[PDB]
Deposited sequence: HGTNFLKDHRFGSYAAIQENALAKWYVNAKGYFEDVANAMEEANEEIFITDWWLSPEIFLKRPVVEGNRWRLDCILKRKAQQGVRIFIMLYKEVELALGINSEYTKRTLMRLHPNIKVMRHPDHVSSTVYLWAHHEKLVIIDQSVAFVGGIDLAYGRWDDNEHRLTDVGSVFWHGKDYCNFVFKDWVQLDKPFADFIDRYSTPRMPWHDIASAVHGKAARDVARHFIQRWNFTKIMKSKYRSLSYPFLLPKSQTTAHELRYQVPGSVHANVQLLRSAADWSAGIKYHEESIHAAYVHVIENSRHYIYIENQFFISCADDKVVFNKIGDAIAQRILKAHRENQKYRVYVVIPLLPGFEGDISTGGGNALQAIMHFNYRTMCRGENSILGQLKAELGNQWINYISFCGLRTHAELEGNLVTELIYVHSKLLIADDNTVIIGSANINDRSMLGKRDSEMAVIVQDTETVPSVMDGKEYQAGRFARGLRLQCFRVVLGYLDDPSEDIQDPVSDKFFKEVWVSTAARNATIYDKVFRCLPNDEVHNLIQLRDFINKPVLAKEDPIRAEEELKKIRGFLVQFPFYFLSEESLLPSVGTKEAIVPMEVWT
């Protein structure tokens, strides 16, 4: 049938849905949903690490370690199906071959596929579906480094939260791991759960890929790899994710012949994103790992960055208040080294501010200097003391999140880049949630009926990044007023950025325009070391994690050197 946005799935009205800010709650609920499975567990991952703990701090021994959960459910008769991305032979990587063997050795009811063969793009969706009745969709893999809570801690010297290989730091530091010298990289991300017919929609995507891959590879043609069947739409599971509310939901994906055997590619995530931006009335809030857009229909093609610029110019033309918040990582992570990092920085900046085609280029040409009233670009950072020394690290924004108007959300695996959005490249999954239940709220000082689901999630985002967890939240209730935008959002991002720059002289920043200035810069003395008493006094004025994004880091470098589309 013909569905909205050309999705493979219909709008499911009054579906029960949940959101997650960071992995702590997500992994706990996944663990409890799996514990209650009776028939089927389906898992997809870009990377899966079998020994991660889903509940922490650890008690009850290995009861909540991922491999032990799967094994005891398989032992009860639950059939477990796992699809892993097959990384290049030359990748240091994801170790999918080892992980497959580990998993299938736990019990015969556990069946694992890897795809694609290389003798290309990737499978990027991160899904857990239980009994085709509860499904989790997000940006969070069941993998090392992902677990985090809203404190985004840099340290763990008792090994209370990140045992062994789970203590990771994927930030580039070779411009030219041991937990006693080096802080971890915190993992900031977003996920969701859906129930009922919506969950059956997630299952259908997983079944389509499973059966497609089964018939395409010799090794999976045997009876031992079951042919999967969708649960009849006529028919649930004795688990409801606590905290869920009813809303209109719709599954969306990126998929194509190579990834799912469909003849015409699907790019319904992309379509949904452009639609939500175009129809927003008050604000959009983006947290995303990448920010590669602004189409020249030669090297970049997706329409999101141009939709943003054009929505702002409409607000200006109608003399309307409209805000765009953009939170991305301060540096790209690597999980080619430095030339890979630089290529992604090229395209992120190309979308933001480098070129007349940039978002800022387009706004300037029509708005000149008034662009500051409409958009703010940020990353995340934090600090701590490690073994008597002040340290800082960026917080990796791994999210793939769009919120509009406190009433519409898109959560999934798709990054703002062509790889995720065009549909023909990496395979991806997202869900759009549109509120049907509203609460009395405020929007530019005016009475406003906000959506239960989207407002709750936007407020939790705000609390995390602005520093209002467990605090009176009056200052953050209105997401578009001059008072909030200037005195809370833009002020926090500038204040924290200034403090971190002064205390740590950390990269990235607006002073370092070329790689040779970088080397000299980092050899200069650092206050955090020279006068820690004073540094610690200055850091007491930090509130939240938000920091203003530096437009001019490696300004003068041509950040390009492998085809371009690998980076875009």
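Residues of the deposited sequence lacking C-alpha coordinates, counted from 1, fall in the stretches 1 to 6, 126 to 130, 188 to 196, 256 to 257, 358 to 362, 589 to 596.
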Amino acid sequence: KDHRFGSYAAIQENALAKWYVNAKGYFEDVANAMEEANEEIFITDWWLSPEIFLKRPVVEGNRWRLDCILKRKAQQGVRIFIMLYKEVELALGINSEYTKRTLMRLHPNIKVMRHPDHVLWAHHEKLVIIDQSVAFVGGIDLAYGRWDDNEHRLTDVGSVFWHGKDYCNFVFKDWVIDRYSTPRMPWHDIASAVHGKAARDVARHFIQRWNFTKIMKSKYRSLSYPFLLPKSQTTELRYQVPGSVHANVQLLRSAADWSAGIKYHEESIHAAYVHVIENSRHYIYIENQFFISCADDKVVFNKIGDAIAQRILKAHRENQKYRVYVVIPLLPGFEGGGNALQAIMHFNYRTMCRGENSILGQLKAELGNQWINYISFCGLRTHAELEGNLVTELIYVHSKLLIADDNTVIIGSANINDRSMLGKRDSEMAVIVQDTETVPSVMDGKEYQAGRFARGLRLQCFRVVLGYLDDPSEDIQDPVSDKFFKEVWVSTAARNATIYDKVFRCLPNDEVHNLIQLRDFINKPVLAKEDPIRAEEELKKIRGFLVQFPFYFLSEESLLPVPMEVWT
From here on, numbers count along this sequence of modelled residues.
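Comparing 293 to 301 with 221 to 229, the higher mean C-alpha B-factor in the PDB entry belongs to 293 to 301. For the two regions 52 to 60 and 519 to 527, the entry's Cα B-factors average higher over 519 to 527. Per the PDB entry, 89 shows the highest C-alpha temperature factor of the residues 89, 156, 393, 189. Within the listed group 168, 198, 414, 160, the record reports its top CA B-factor for 160.
Compared with the other modelled residues of the chain, the Cα B-factor recorded for residue 85 ranks in the middle third. Among all modelled residues in this chain, the alpha-carbon of residue 253 has a temperature factor (C-alpha) in the lowest third.
In the deposited entry, the Cα temperature factor of residue 358 places it in the highest third of its chain's modelled residues. Per the deposited record, the Cα B-factor of residue 98 falls in the highest third when ranked against the other modelled residues of its chain. Ranked against the other modelled residues of its chain, the C-alpha B-factor of residue 513 as given in the entry falls in the highest third.
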